[PDB]
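**Q** What follows is structure.csv, made up of CSV, C-alpha atoms and all ligand atoms:
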```csv
chain,number,residue,atom,x,y,z
K,5,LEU,CA,65.7,98.5,72.5
K,6,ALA,CA,63.2,101.0,71.0
K,7,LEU,CA,62.6,103.8,73.5
K,8,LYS,CA,60.0,106.6,73.5
K,9,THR,CA,61.7,110.0,73.5
K,10,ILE,CA,60.2,112.1,76.2
K,11,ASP,CA,59.9,115.8,76.8
K,12,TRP,CA,61.0,116.5,80.4
K,13,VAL,CA,58.9,119.5,81.2
K,14,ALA,CA,55.7,118.1,79.8
K,15,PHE,CA,56.4,115.2,82.1
K,16,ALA,CA,56.5,117.8,84.9
K,17,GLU,CA,53.3,119.6,84.2
K,18,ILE,CA,51.3,116.3,84.6
K,19,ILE,CA,52.4,115.2,88.0
K,20,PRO,CA,50.1,115.7,91.0
K,21,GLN,CA,51.5,116.9,94.3
K,22,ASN,CA,51.2,113.5,96.0
K,23,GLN,CA,53.7,111.9,93.7
K,24,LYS,CA,56.3,114.5,92.9
K,25,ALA,CA,59.0,112.5,94.6
K,26,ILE,CA,58.0,109.5,92.6
K,27,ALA,CA,58.3,111.4,89.4
K,28,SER,CA,61.7,112.7,90.4
K,29,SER,CA,62.8,109.2,91.3
K,30,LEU,CA,61.6,107.8,87.9
K,31,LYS,CA,63.5,110.6,86.2
K,32,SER,CA,66.7,109.9,88.2
K,33,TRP,CA,66.5,106.2,87.5
K,34,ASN,CA,65.9,107.0,83.8
K,35,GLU,CA,69.1,109.0,83.7
K,36,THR,CA,71.0,106.4,85.7
K,37,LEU,CA,69.9,103.6,83.5
K,38,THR,CA,70.8,105.6,80.3
K,39,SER,CA,74.3,106.3,81.8
K,40,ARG,CA,74.7,102.6,82.7
K,41,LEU,CA,73.6,101.3,79.3
K,42,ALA,CA,76.1,103.8,77.9
K,43,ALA,CA,79.0,102.5,80.1
K,44,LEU,CA,78.8,98.9,78.9
K,45,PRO,CA,78.7,97.5,75.4
K,46,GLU,CA,76.0,95.3,73.9
K,47,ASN,CA,77.7,91.9,73.5
K,48,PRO,CA,80.6,90.5,75.5
K,49,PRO,CA,83.8,89.9,73.4
K,50,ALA,CA,83.8,86.1,72.8
K,51,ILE,CA,87.4,85.3,73.3
K,52,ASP,CA,89.0,83.1,70.7
K,53,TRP,CA,90.1,79.8,72.1
K,54,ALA,CA,93.5,80.2,70.3
K,55,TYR,CA,95.2,81.9,73.2
K,56,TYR,CA,93.6,79.0,75.3
K,57,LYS,CA,94.1,76.1,72.9
K,58,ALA,CA,97.8,76.6,72.2
K,59,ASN,CA,98.8,78.1,75.6
K,60,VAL,CA,97.1,75.7,78.0
K,61,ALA,CA,99.0,72.4,78.4
K,62,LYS,CA,96.2,70.8,80.5
K,63,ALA,CA,94.1,67.8,79.5
K,64,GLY,CA,91.0,69.2,77.8
K,65,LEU,CA,89.9,71.5,80.7
K,66,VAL,CA,89.9,74.5,78.3
K,67,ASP,CA,88.0,72.3,75.8
K,68,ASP,CA,85.3,71.2,78.2
K,69,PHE,CA,85.0,74.8,79.5
K,70,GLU,CA,84.4,76.0,76.0
K,71,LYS,CA,81.9,73.2,75.4
K,72,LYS,CA,80.0,74.0,78.6
K,73,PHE,CA,80.0,77.7,77.7
K,74,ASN,CA,78.9,77.3,74.0
K,75,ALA,CA,75.7,75.7,75.2
K,76,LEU,CA,74.7,77.7,78.3
K,77,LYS,CA,71.2,79.0,78.7
K,78,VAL,CA,71.6,82.3,80.5
K,79,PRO,CA,68.2,83.4,81.9
K,80,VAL,CA,66.7,86.3,79.9
K,81,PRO,CA,64.5,88.2,82.4
K,82,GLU,CA,60.9,88.6,81.4
K,83,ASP,CA,59.0,91.9,81.5
K,84,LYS,CA,56.2,91.0,84.0
K,85,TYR,CA,55.7,94.8,84.5
K,86,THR,CA,55.0,96.4,81.1
K,87,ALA,CA,51.6,94.8,80.6
K,88,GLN,CA,50.2,96.3,83.8
K,89,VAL,CA,51.5,99.8,83.0
K,90,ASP,CA,49.9,99.4,79.6
K,91,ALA,CA,46.6,98.5,81.3
K,92,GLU,CA,47.1,101.5,83.6
K,93,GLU,CA,47.7,103.8,80.6
K,94,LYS,CA,44.5,102.5,79.0
K,95,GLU,CA,42.5,103.2,82.2
K,96,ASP,CA,44.0,106.7,82.5
K,97,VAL,CA,43.2,107.5,78.9
K,98,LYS,CA,39.6,106.4,79.5
K,99,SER,CA,39.3,108.7,82.6
K,100,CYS,CA,41.0,111.6,80.8
K,101,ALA,CA,38.8,111.4,77.7
K,102,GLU,CA,35.7,111.3,79.9
K,103,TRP,CA,36.9,114.4,81.8
K,104,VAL,CA,37.7,116.1,78.4
K,105,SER,CA,34.2,115.5,77.1
K,106,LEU,CA,32.9,117.1,80.3
K,107,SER,CA,35.2,120.1,79.7
Q,55,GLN,CA,117.7,63.2,82.3
Q,56,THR,CA,114.5,64.4,84.0
Q,57,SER,CA,112.0,61.6,83.3
Q,58,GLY,CA,112.0,60.3,86.9
Q,59,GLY,CA,112.0,63.8,88.3
Q,60,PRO,CA,109.5,66.7,87.9
Q,61,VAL,CA,111.7,69.8,88.2
Q,62,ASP,CA,115.2,68.6,87.1
Q,63,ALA,CA,116.8,67.5,90.3
Q,64,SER,CA,115.6,70.3,92.6
Q,65,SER,CA,115.5,68.7,96.1
Q,66,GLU,CA,114.1,72.1,97.1
Q,67,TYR,CA,112.1,75.1,95.8
Q,68,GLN,CA,108.8,73.9,97.3
Q,69,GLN,CA,108.8,75.8,100.6
Q,70,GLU,CA,108.6,79.1,98.8
Q,71,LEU,CA,106.7,77.9,95.8
Q,72,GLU,CA,103.7,77.0,98.0
Q,73,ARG,CA,103.7,80.5,99.5
Q,74,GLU,CA,103.9,82.0,96.0
Q,75,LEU,CA,101.0,79.8,94.8
Q,76,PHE,CA,99.0,80.7,97.9
Q,77,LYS,CA,99.5,84.4,97.1
Q,78,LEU,CA,98.7,84.0,93.4
Q,79,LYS,CA,95.5,82.0,94.1
Q,80,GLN,CA,94.2,84.3,96.8
Q,81,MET,CA,94.8,87.3,94.6
Q,82,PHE,CA,93.0,85.6,91.7
Q,83,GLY,CA,90.1,84.4,93.8
Q,84,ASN,CA,89.0,82.2,96.7
Q,85,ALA,CA,86.8,79.5,95.2
Q,86,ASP,CA,88.0,76.4,93.3
Q,87,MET,CA,89.6,77.4,90.0
Q,88,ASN,CA,89.7,73.9,88.5
Q,89,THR,CA,86.0,73.5,87.8
Q,90,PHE,CA,83.3,75.4,85.8
Q,91,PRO,CA,81.6,78.2,87.8
Q,92,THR,CA,78.0,77.8,88.7
Q,93,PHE,CA,76.0,81.0,88.2
Q,94,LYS,CA,73.6,82.4,90.8
Q,95,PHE,CA,71.5,85.1,89.2
Q,96,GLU,CA,69.3,87.8,90.6
Q,97,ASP,CA,66.3,89.7,89.2
Q,98,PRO,CA,65.8,93.5,89.5
Q,99,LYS,CA,63.3,94.7,92.1
Q,100,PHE,CA,60.2,96.7,91.2
Q,101,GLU,CA,57.8,98.8,93.1
Q,102,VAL,CA,54.1,99.9,93.0
Q,103,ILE,CA,54.4,102.5,90.3
Q,104,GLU,CA,50.7,102.5,89.8
Q,105,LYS,CA,49.0,105.9,90.0
Q,106,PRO,CA,47.9,106.4,93.7
G,108,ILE,CA,37.2,129.1,78.2
G,109,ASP,CA,41.0,129.6,77.9
G,110,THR,CA,41.5,127.8,81.2
G,111,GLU,CA,39.5,124.8,80.1
G,112,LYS,CA,41.4,124.5,76.8
G,113,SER,CA,44.6,124.6,78.7
G,114,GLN,CA,43.4,121.8,81.0
G,115,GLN,CA,42.7,119.8,77.8
G,116,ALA,CA,46.2,120.5,76.6
G,117,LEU,CA,47.6,119.0,79.8
G,118,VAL,CA,45.4,116.0,79.6
G,119,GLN,CA,46.7,115.5,76.1
G,120,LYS,CA,50.3,115.7,77.5
G,121,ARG,CA,49.5,113.1,80.2
G,122,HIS,CA,51.0,110.0,78.5
G,123,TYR,CA,54.7,110.8,79.4
G,124,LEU,CA,54.4,109.2,82.8
G,125,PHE,CA,53.7,105.8,81.3
G,126,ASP,CA,56.3,106.3,78.7
G,127,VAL,CA,58.8,107.0,81.5
G,128,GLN,CA,57.7,103.8,83.4
G,129,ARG,CA,58.0,101.7,80.3
G,130,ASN,CA,61.4,103.1,79.4
G,131,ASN,CA,62.7,102.3,82.9
G,132,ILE,CA,61.4,98.8,82.8
G,133,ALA,CA,62.9,98.1,79.4
G,134,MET,CA,66.3,99.7,80.4
G,135,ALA,CA,66.5,97.9,83.7
G,136,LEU,CA,65.9,94.5,82.0
G,137,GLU,CA,68.5,95.3,79.3
G,138,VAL,CA,71.1,96.4,82.0
G,139,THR,CA,70.5,93.2,83.9
G,140,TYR,CA,70.9,91.0,80.8
G,141,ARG,CA,74.1,92.7,79.8
G,142,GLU,CA,75.5,92.5,83.3
G,143,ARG,CA,74.7,88.8,83.4
G,144,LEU,CA,76.5,88.2,80.1
G,145,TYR,CA,79.5,90.1,81.3
G,146,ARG,CA,79.5,88.1,84.6
G,147,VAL,CA,79.5,84.7,82.8
G,148,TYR,CA,82.2,85.8,80.4
G,149,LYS,CA,84.4,87.2,83.1
G,150,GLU,CA,84.1,84.1,85.3
G,151,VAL,CA,85.0,81.8,82.4
G,152,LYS,CA,87.9,83.9,81.2
G,153,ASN,CA,89.1,84.4,84.8
G,154,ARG,CA,89.4,80.7,85.5
G,155,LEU,CA,91.1,80.1,82.1
G,156,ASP,CA,93.5,82.9,83.0
G,157,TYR,CA,94.3,81.5,86.4
G,158,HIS,CA,95.2,78.3,84.7
G,159,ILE,CA,97.4,80.1,82.1
G,160,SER,CA,99.0,82.2,84.8
G,161,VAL,CA,100.0,79.4,87.1
J,162,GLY,CA,107.7,118.2,121.9
J,163,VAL,CA,104.7,118.3,119.7
J,164,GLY,CA,103.5,114.7,120.2
J,165,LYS,CA,105.3,112.4,117.8
J,166,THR,CA,106.0,109.8,120.4
J,167,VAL,CA,102.6,110.2,122.0
J,168,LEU,CA,101.0,109.7,118.5
J,169,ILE,CA,103.2,106.7,117.7
J,170,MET,CA,102.4,105.1,121.0
J,171,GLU,CA,98.7,105.7,120.4
J,172,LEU,CA,99.1,104.0,117.1
J,173,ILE,CA,100.9,101.1,118.7
J,174,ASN,CA,98.0,100.8,121.2
J,175,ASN,CA,95.3,101.2,118.5
J,176,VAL,CA,96.7,99.0,115.7
J,177,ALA,CA,99.5,96.7,116.9
J,178,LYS,CA,97.5,95.0,119.6
J,179,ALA,CA,94.6,94.5,117.2
J,180,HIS,CA,97.2,93.4,114.6
J,181,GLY,CA,97.2,89.8,113.4
J,182,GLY,CA,100.8,89.6,112.3
J,183,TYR,CA,104.2,90.5,113.8
J,184,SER,CA,105.6,93.9,114.8
J,185,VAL,CA,109.0,95.5,114.9
J,186,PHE,CA,109.9,98.6,116.9
J,187,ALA,CA,113.2,100.3,115.9
J,188,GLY,CA,114.2,103.0,118.4
J,189,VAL,CA,116.6,105.2,116.5
J,190,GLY,CA,118.4,107.9,118.5
J,191,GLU,CA,115.7,108.5,121.0
J,192,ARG,CA,115.3,108.5,124.8
J,193,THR,CA,116.5,105.3,126.5
J,194,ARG,CA,113.9,105.7,129.3
J,195,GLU,CA,111.3,105.7,126.5
J,196,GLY,CA,112.6,102.4,125.4
J,197,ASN,CA,112.5,101.1,128.9
J,198,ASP,CA,108.9,102.3,129.2
J,199,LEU,CA,107.9,100.6,126.0
J,200,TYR,CA,109.6,97.4,127.0
J,201,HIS,CA,107.9,97.2,130.4
J,202,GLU,CA,104.5,98.3,129.0
J,203,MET,CA,104.6,95.6,126.4
J,204,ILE,CA,105.5,93.1,129.0
J,205,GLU,CA,102.6,94.2,131.2
J,206,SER,CA,100.1,94.2,128.3
J,207,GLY,CA,101.2,90.6,127.3
J,208,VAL,CA,102.4,91.7,123.8
J,209,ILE,CA,105.9,90.5,125.0
J,210,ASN,CA,106.0,87.3,126.9
J,211,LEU,CA,109.1,86.5,128.9
J,212,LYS,CA,108.2,82.8,129.6
J,213,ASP,CA,107.1,81.3,126.2
J,214,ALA,CA,107.2,81.9,122.5
J,215,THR,CA,104.0,83.9,122.1
J,216,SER,CA,105.7,87.3,121.8
J,217,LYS,CA,104.6,89.5,118.9
J,218,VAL,CA,107.0,92.4,118.9
J,219,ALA,CA,110.8,92.6,118.2
J,220,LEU,CA,112.7,95.6,119.6
J,221,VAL,CA,115.8,97.1,118.1
J,222,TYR,CA,117.3,100.0,120.0
J,223,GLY,CA,120.1,102.4,119.2
J,224,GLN,CA,119.4,105.5,121.2
J,225,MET,CA,120.7,109.1,121.5
J,226,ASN,CA,123.5,108.0,123.8
J,227,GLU,CA,125.1,106.0,121.0
J,228,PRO,CA,127.9,107.2,118.7
J,229,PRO,CA,126.8,108.2,115.2
J,230,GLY,CA,127.6,104.8,113.5
J,231,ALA,CA,125.3,102.9,115.7
J,232,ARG,CA,122.6,105.6,115.3
J,233,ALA,CA,123.1,105.4,111.5
J,234,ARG,CA,122.8,101.6,111.2
J,235,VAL,CA,120.3,100.6,113.9
J,236,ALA,CA,117.5,101.5,111.5
J,237,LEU,CA,119.0,99.1,109.0
J,238,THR,CA,119.0,96.4,111.7
J,239,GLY,CA,115.3,96.9,112.4
J,240,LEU,CA,114.7,96.9,108.6
J,241,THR,CA,116.5,93.5,108.4
J,242,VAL,CA,114.3,92.0,111.1
J,243,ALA,CA,111.1,93.3,109.4
J,244,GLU,CA,112.3,92.2,106.0
J,245,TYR,CA,112.9,88.7,107.2
J,246,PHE,CA,109.4,88.6,108.7
J,247,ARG,CA,108.0,89.9,105.4
J,248,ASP,CA,109.9,87.6,103.0
J,249,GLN,CA,110.7,84.3,104.6
J,250,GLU,CA,107.6,84.2,106.8
J,251,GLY,CA,105.2,85.9,104.4
J,252,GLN,CA,103.7,87.7,107.4
J,253,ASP,CA,102.1,91.1,107.5
J,254,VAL,CA,104.5,93.3,109.5
J,255,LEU,CA,104.2,96.5,111.5
J,256,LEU,CA,107.3,98.6,111.6
J,257,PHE,CA,107.5,101.6,113.9
J,258,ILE,CA,110.6,103.7,113.6
J,259,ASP,CA,111.1,106.5,116.1
J,260,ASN,CA,113.0,108.5,115.2
J,261,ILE,CA,114.0,108.1,111.5
J,262,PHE,CA,115.4,111.7,111.2
J,263,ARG,CA,118.3,110.6,113.5
J,264,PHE,CA,119.4,108.3,110.8
J,265,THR,CA,120.1,111.2,108.5
J,266,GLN,CA,121.5,113.3,111.3
J,267,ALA,CA,123.9,110.5,112.2
J,268,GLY,CA,125.2,110.4,108.7
J,269,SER,CA,125.7,114.2,108.8
J,270,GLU,CA,127.8,113.8,112.0
J,271,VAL,CA,130.2,111.4,110.1
J,272,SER,CA,130.1,113.1,106.7
J,273,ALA,CA,132.8,115.6,107.6
J,274,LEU,CA,135.1,113.0,109.0
J,275,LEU,CA,134.7,110.9,105.8
J,276,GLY,CA,136.2,113.9,104.0
J,277,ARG,CA,133.2,115.1,101.9
J,278,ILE,CA,132.4,118.6,100.8
J,279,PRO,CA,129.3,119.6,102.8
J,280,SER,CA,125.9,120.3,101.1
J,281,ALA,CA,123.1,122.7,102.1
J,282,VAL,CA,122.7,123.4,105.9
J,283,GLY,CA,125.9,121.3,106.5
J,284,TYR,CA,124.3,117.9,105.6
J,285,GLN,CA,126.1,115.2,103.7
J,286,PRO,CA,126.0,115.5,99.9
J,287,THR,CA,124.6,111.9,99.9
J,288,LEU,CA,121.5,112.7,102.0
J,289,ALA,CA,118.9,111.9,99.4
J,290,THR,CA,120.5,108.7,98.1
J,291,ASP,CA,121.2,107.4,101.6
J,292,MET,CA,117.6,108.1,102.6
J,293,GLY,CA,116.4,106.4,99.4
J,294,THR,CA,118.6,103.3,99.9
J,295,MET,CA,117.2,103.0,103.4
J,296,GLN,CA,113.6,103.8,102.6
J,297,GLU,CA,113.1,101.7,99.5
J,298,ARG,CA,113.5,98.5,101.6
J,299,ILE,CA,110.7,99.8,103.9
J,300,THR,CA,108.0,98.6,101.5
J,301,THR,CA,105.2,96.2,100.7
J,302,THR,CA,106.1,93.6,98.1
J,303,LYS,CA,104.0,90.9,96.5
J,304,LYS,CA,105.7,88.5,98.9
J,305,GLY,CA,104.5,90.2,102.1
J,306,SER,CA,103.2,93.4,103.6
J,307,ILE,CA,104.9,96.0,105.8
J,308,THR,CA,102.9,98.8,107.3
J,309,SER,CA,105.4,101.5,108.4
J,310,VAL,CA,104.9,104.3,110.9
J,311,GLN,CA,107.9,106.6,111.0
J,312,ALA,CA,108.3,109.6,113.3
J,313,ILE,CA,110.2,112.3,111.6
J,314,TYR,CA,111.8,115.1,113.6
J,315,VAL,CA,111.7,118.6,112.1
J,316,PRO,CA,114.8,120.6,113.1
J,317,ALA,CA,113.9,124.0,114.6
J,318,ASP,CA,110.3,123.5,113.3
J,319,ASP,CA,111.6,124.1,109.7
J,320,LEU,CA,109.8,121.8,107.3
J,321,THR,CA,112.0,123.0,104.5
J,322,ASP,CA,115.0,121.5,106.2
F,1,LIG,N1,97.9,113.5,122.2
F,1,LIG,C1,98.4,114.5,123.3
F,1,LIG,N2,97.5,114.9,124.3
F,1,LIG,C2,97.9,115.7,125.3
F,1,LIG,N3,99.2,116.1,125.3
F,1,LIG,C3,100.1,115.8,124.4
F,1,LIG,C4,99.6,114.9,123.3
F,1,LIG,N4,100.7,114.7,122.6
F,1,LIG,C5,101.7,115.4,123.1
F,1,LIG,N5,101.3,116.0,124.2
F,1,LIG,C6,102.1,116.8,125.0
F,1,LIG,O1,103.4,117.2,124.3
F,1,LIG,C7,104.4,116.5,125.2
F,1,LIG,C8,105.5,115.9,124.3
F,1,LIG,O2,105.1,114.6,124.0
F,1,LIG,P1,106.1,113.7,122.9
F,1,LIG,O3,105.2,112.9,122.0
F,1,LIG,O4,107.0,112.8,123.8
F,1,LIG,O5,107.0,114.8,122.1
F,1,LIG,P2,107.8,114.5,120.7
F,1,LIG,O6,107.1,115.2,119.5
F,1,LIG,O7,109.2,115.0,120.8
F,1,LIG,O8,107.8,113.0,120.5
F,1,LIG,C9,103.7,115.5,126.0
F,1,LIG,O9,104.4,115.3,127.2
F,1,LIG,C10,102.4,116.1,126.2
F,1,LIG,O10,102.6,117.1,127.3
F,2,MG,MG,109.7,111.7,120.9
```
Translate the structure described by the file into structure tokens.
**A**
Amino acid sequence: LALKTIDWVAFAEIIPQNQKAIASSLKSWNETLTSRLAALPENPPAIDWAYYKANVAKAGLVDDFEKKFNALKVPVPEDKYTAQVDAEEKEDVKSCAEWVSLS
Amino acid sequence: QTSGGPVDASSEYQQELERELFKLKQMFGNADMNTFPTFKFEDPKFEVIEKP
Amino acid sequence: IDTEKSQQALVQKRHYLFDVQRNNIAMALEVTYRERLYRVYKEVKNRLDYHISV
Amino acid sequence: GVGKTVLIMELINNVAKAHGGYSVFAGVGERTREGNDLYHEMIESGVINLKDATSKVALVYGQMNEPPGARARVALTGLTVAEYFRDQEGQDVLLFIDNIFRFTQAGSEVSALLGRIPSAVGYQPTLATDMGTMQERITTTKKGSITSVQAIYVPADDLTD
């Protein structure tokens, strides 16, 4: 979770007039996702089985639940979107350096 | 002397216990709470952010 | 000349748009992962707690 | 004459017919012709059925022609009906009480004869505890629900009464 700190007026000076709404929406979603990552911790509290070993008088249901949970493969979502914005950044840097040599 | 009986010679206390258990289950959930939960998962949407 | 140099300064500042997009992708994926872990934890604990409560 | 009965009848029309559970109307110290109107309107609209057991409303009436004891306890009778429906049936109950103020007023009318020193505005000294004993039974428990609509008369338009 290594993020790139961003100036928020420099981000504004570089936005053409056909995607001002898109820049504002990206900004709003950045703030929303920061707030939502702040309002939930990193790792769920793995509850000890103690309160469920010595307080459940049922035949191994707690035990098979804990076995099925210890070996669960929860799907980690893949990026599938950062590579293409990296390609777009490369293309944009190319165009910008060309225009700068013209200038 | 409660081997042959579940609730120590009750002969009653089921007509209300079933309503109580109905309320308790329906306020804890609606699915079957005796089996492991299967997990449907979703993936966040994403748009055409590419520079127009 | 001054105007052209300022245009070059803005071109130098350009990269924040793609920084923003990458930040949002990473943060959305992290939020989704943590919400999924909380969902699985909550369901397991909730069923165990229904058992203990009955 | 500001529209308490009109509003409570509108609520009976808008909620009680569309209601899935049972309903209890306690007329407390009100017009008897209003009770007759409600009875016959509920018969017309099928909410009360005189021929089979599909009726959905129970009526309990002690009206303004009744001595103060009946006017003081008829609200409790309606509460008892609604409480049975809430506890032993587990149903969701609708309880309309028009008018609940009469309850308090009826107590006032007997408070002097019971030999008690009057409180403010001549009311019984036990106004708040009597009202609390009555009203705490009008409630939703975790055994069943009671949605309660009570028309409350305001004497001489004084809300500080
Ligand atoms: N929703 C209403 N629309 C039009 N007139 C109303 C309405 N409510 C009350 N009124 C008028 O006020 C009068 C008194 O109605 P009512 O509800 O019986 O008084 P109370 O407050 O004593 O119960 C009605 O006859 C009617 O003329
Ligand atoms: Mg009225």
**Q** CA of residue 115 in chain G and CA of residue 35 in chain K, how far apart in Å?
**A** 29.1 Å
**Q** Tell me which protein, DNA and RNA residues are within 7 Å of range 240-253 of chain J, counting all atoms listed in the file, leaving out same-chain ones fewer than 5 positions away, and put them as a PyMOL selection string.
**A** chain J and resi 182-183+185+299+304-307
**Q** Any residue with an atom at most 7 Å from ligand MG 2 (chain F) counts, using all atoms listed in the file. Which are they? Put them as a VMD selection string.
**A** chain J and resid 162 164 to 166 191
**Q** Within 12 Å of ligand LIG 1 (chain F), which residues show up when you count only C-alpha atoms and all ligand atoms? List them as an mmCIF file with C-alpha atoms, in the frame of the given file, please.
**A**
```
data_model
loop_
_atom_site.group_PDB
_atom_site.id
_atom_site.type_symbol
_atom_site.label_atom_id
_atom_site.label_comp_id
_atom_site.auth_asym_id
_atom_site.auth_seq_id
_atom_site.Cartn_x
_atom_site.Cartn_y
_atom_site.Cartn_z
ATOM 1 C CA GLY J 162 107.700 118.200 121.900
ATOM 2 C CA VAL J 163 104.700 118.300 119.700
ATOM 3 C CA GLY J 164 103.500 114.700 120.200
ATOM 4 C CA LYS J 165 105.300 112.400 117.800
ATOM 5 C CA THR J 166 106.000 109.800 120.400
ATOM 6 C CA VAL J 167 102.600 110.200 122.000
ATOM 7 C CA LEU J 168 101.000 109.700 118.500
ATOM 8 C CA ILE J 169 103.200 106.700 117.700
ATOM 9 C CA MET J 170 102.400 105.100 121.000
ATOM 10 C CA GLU J 171 98.700 105.700 120.400
ATOM 11 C CA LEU J 172 99.100 104.000 117.100
ATOM 12 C CA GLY J 190 118.400 107.900 118.500
ATOM 13 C CA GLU J 191 115.700 108.500 121.000
ATOM 14 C CA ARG J 192 115.300 108.500 124.800
ATOM 15 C CA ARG J 194 113.900 105.700 129.300
ATOM 16 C CA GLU J 195 111.300 105.700 126.500
ATOM 17 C CA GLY J 196 112.600 102.400 125.400
ATOM 18 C CA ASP J 198 108.900 102.300 129.200
ATOM 19 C CA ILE J 258 110.600 103.700 113.600
ATOM 20 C CA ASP J 259 111.100 106.500 116.100
ATOM 21 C CA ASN J 260 113.000 108.500 115.200
ATOM 22 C CA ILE J 261 114.000 108.100 111.500
ATOM 23 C CA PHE J 262 115.400 111.700 111.200
ATOM 24 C CA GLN J 311 107.900 106.600 111.000
ATOM 25 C CA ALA J 312 108.300 109.600 113.300
ATOM 26 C CA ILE J 313 110.200 112.300 111.600
ATOM 27 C CA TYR J 314 111.800 115.100 113.600
ATOM 28 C CA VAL J 315 111.700 118.600 112.100
ATOM 29 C CA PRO J 316 114.800 120.600 113.100
ATOM 30 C CA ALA J 317 113.900 124.000 114.600
ATOM 31 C CA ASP J 318 110.300 123.500 113.300
#
```
**Q** Enumerate, in order of chain and increasing residue number, the residues of chain Q with an atom no farther than 8 Å from chain J, each with its shortest atom pair and distance in Å to one decimal, counting all atoms listed in the file, as a Markdown table.
**A**
```
| residue | atom | partner | partner_atom | distance |
| --- | --- | --- | --- | --- |
| Q:73 | CA | J:251 | CA | 7.4 |
| Q:74 | CA | J:304 | CA | 7.3 |
| Q:77 | CA | J:304 | CA | 7.6 |
```
**Q** Please identify all polymer residues lying at most 10 Å from the point (80.7, 78.2, 72.0) (file coordinates), using only C-alpha atoms, and present the result as a list in words.
**A**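 Every polymer residue passing the test: residues 50, 51, 52, 53, 69, 70, 71, 72, 73, 74, 75 and 76 of chain K.
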**Q** Compile the residues of chain Q that lie within 10 Å of chain K, evaluated using only C-alpha atoms, and express the compilation as a PDB file with C-alpha atoms, keeping the file's coordinate frame.
**A**
```
ATOM      1  CA  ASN Q  88      89.700  73.900  88.500  1.00  0.00           C
ATOM      2  CA  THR Q  89      86.000  73.500  87.800  1.00  0.00           C
ATOM      3  CA  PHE Q  90      83.300  75.400  85.800  1.00  0.00           C
ATOM      4  CA  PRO Q  91      81.600  78.200  87.800  1.00  0.00           C
ATOM      5  CA  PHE Q  93      76.000  81.000  88.200  1.00  0.00           C
ATOM      6  CA  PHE Q  95      71.500  85.100  89.200  1.00  0.00           C
ATOM      7  CA  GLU Q  96      69.300  87.800  90.600  1.00  0.00           C
ATOM      8  CA  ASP Q  97      66.300  89.700  89.200  1.00  0.00           C
ATOM      9  CA  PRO Q  98      65.800  93.500  89.500  1.00  0.00           C
ATOM     10  CA  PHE Q 100      60.200  96.700  91.200  1.00  0.00           C
ATOM     11  CA  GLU Q 101      57.800  98.800  93.100  1.00  0.00           C
ATOM     12  CA  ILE Q 103      54.400 102.500  90.300  1.00  0.00           C
ATOM     13  CA  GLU Q 104      50.700 102.500  89.800  1.00  0.00           C
ATOM     14  CA  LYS Q 105      49.000 105.900  90.000  1.00  0.00           C
ATOM     15  CA  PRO Q 106      47.900 106.400  93.700  1.00  0.00           C
TER      16      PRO Q 106
END
```
**Q** Rounded to one decimal in Å, what is the spacing between CA of residue 216 in chain J and CA of residue 264 in chain J?
**A** 27.4 Å
**Q** I'd like the contact shell of residue 5 in chain K - 10 Å cut-off, all atoms listed in the file, skipping same-chain residues fewer than 5 positions apart - returned as a PyMOL selection string.
**A** chain G and resi 130+133-134+137
**Q** What does the distance between CA of residue 18 in chain K and CA of residue 42 in chain K come to in Å, to one decimal place?
**A**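 So the answer is 28.6 Å.
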**Q** Range 265-279 of chain J: which residues within 7 Å, counting only C-alpha atoms, same-chain residues fewer than 3 positions away excluded, as a PyMOL selection string?
**A** chain J and resi 229-230+232-233+262+283-286+288
**Q** Should the cut-off be 9 Å, what would the residue list for chain G against chain Q look like, counting all atoms listed in the file, as a PDB file with C-alpha atoms, in the coordinates of the input?
**A**
```pdb
ATOM      1  CA  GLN G 128      57.700 103.800  83.400  1.00  0.00           C
ATOM      2  CA  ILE G 132      61.400  98.800  82.800  1.00  0.00           C
ATOM      3  CA  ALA G 135      66.500  97.900  83.700  1.00  0.00           C
ATOM      4  CA  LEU G 136      65.900  94.500  82.000  1.00  0.00           C
ATOM      5  CA  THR G 139      70.500  93.200  83.900  1.00  0.00           C
ATOM      6  CA  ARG G 143      74.700  88.800  83.400  1.00  0.00           C
ATOM      7  CA  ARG G 146      79.500  88.100  84.600  1.00  0.00           C
ATOM      8  CA  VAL G 147      79.500  84.700  82.800  1.00  0.00           C
ATOM      9  CA  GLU G 150      84.100  84.100  85.300  1.00  0.00           C
ATOM     10  CA  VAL G 151      85.000  81.800  82.400  1.00  0.00           C
ATOM     11  CA  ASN G 153      89.100  84.400  84.800  1.00  0.00           C
ATOM     12  CA  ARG G 154      89.400  80.700  85.500  1.00  0.00           C
ATOM     13  CA  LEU G 155      91.100  80.100  82.100  1.00  0.00           C
ATOM     14  CA  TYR G 157      94.300  81.500  86.400  1.00  0.00           C
ATOM     15  CA  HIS G 158      95.200  78.300  84.700  1.00  0.00           C
ATOM     16  CA  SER G 160      99.000  82.200  84.800  1.00  0.00           C
ATOM     17  CA  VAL G 161     100.000  79.400  87.100  1.00  0.00           C
TER      18      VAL G 161
END
```
